[PDB]
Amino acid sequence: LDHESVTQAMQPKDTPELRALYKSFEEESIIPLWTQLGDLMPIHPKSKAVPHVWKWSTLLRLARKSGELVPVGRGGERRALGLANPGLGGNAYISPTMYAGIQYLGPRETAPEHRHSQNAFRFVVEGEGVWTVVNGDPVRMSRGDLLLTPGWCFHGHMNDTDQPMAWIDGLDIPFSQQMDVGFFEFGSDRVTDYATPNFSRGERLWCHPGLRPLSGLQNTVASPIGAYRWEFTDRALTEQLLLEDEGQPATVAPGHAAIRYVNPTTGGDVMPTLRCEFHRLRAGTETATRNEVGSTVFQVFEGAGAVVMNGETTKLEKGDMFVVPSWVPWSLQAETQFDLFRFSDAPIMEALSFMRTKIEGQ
């Protein structure tokens, strides 16, 4: 049974006294339950957000043009283009939980030192030689690099070359706004440290596999790894595929290599509200259909193939971004070898025990 076909027993006699009680409800800020239980409590998630794809060539065109018409600054903070879900009523929200944005930084430009409670990351698909300084620690950016900017950490963005750089912001702005959890402070209009060191202190303490500095024995809520570089991400994915060739367990599913970016102090997610993963599918691979609670977003990093969402196949190229709202059945099909970057609100669904998963063949 469901909400579209269950017997509605309460439906009250439309008398003067009834309408007067309803007038009374309006006055006293009361809304009766009966007239809407179903809206409030669906059979399964039925998101206001809608599955949607953004074409990279489109995003690029509008990003370059923004580069012409407007400087990056101080009220607006970033020349960034936020992907707004058609189903979310004009809000700059790619899902109810996440903001997803393309930030363009033109030659020699800078962004200034700020912090907010909202958790953030920067993912670079094309570009080079911009540097984000986090809590004073300059973190070089380049193709394939995930940089983190966990909540309440100072950060600003200096471009060291005559080249523009395009990256994606991901944040829990939509969660943080709706739940009243936001704080924000100012730092400097120049980035705090103009130095351009090829690797960051955080990297240099923390990017040694299976090793922990004795000066860093305390666990952290977010990750101290300022950058997860393309190289390591690439090699991990390749080994998983080589291991598969060799008949050893590694891949998540046949032909489907994948890793999660993690906080090394805990082995858990990079930040309290956001999970990041990277996936490499072999040419020909088609993932089982999944329904998962919460929203995820992917960007095609390399290769060619397709998503299916609610049964609708959309063809996908390098750079394209799509969102799968809560519970929408989704799968991915690689034409060539298909490299994809992923973020979701899953750590929220998981901390609060709201997660569920339906997979096709089980």
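Each residue number is its position in the shown sequence, starting from 1.
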Report the stretch with the higher mean CA temperature factor, choosing between 274-282 and 151-159 on the basis of the entry. 151-159
Avg C-alpha B-factor, entry values, 182-190 vs 224-232, higher side is 182-190
From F298, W330, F301, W34, can you pick the one with the highest C-alpha B factor in the entry? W34
Compare the CA B factors listed in the entry for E292, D172, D269, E126 and report the winner. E126
Pull the Cα B-factor of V262 out of the PDB entry and bin it into the chain's lowest, middle or highest third. lowest
Ordered by C-alpha B-factor within the chain, which third holds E17? Give me lowest, middle or highest, please. highest
Should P164 be placed in the lowest, middle or highest third of its chain by the C-alpha B factor in the entry? highest
Within-chain third of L217 by Cα B-factor, per the entry: lowest
Among all modelled residues of this chain, ranked by Cα B factor, put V307 in the bottom, middle or top third, i.e. lowest, middle or highest. middle
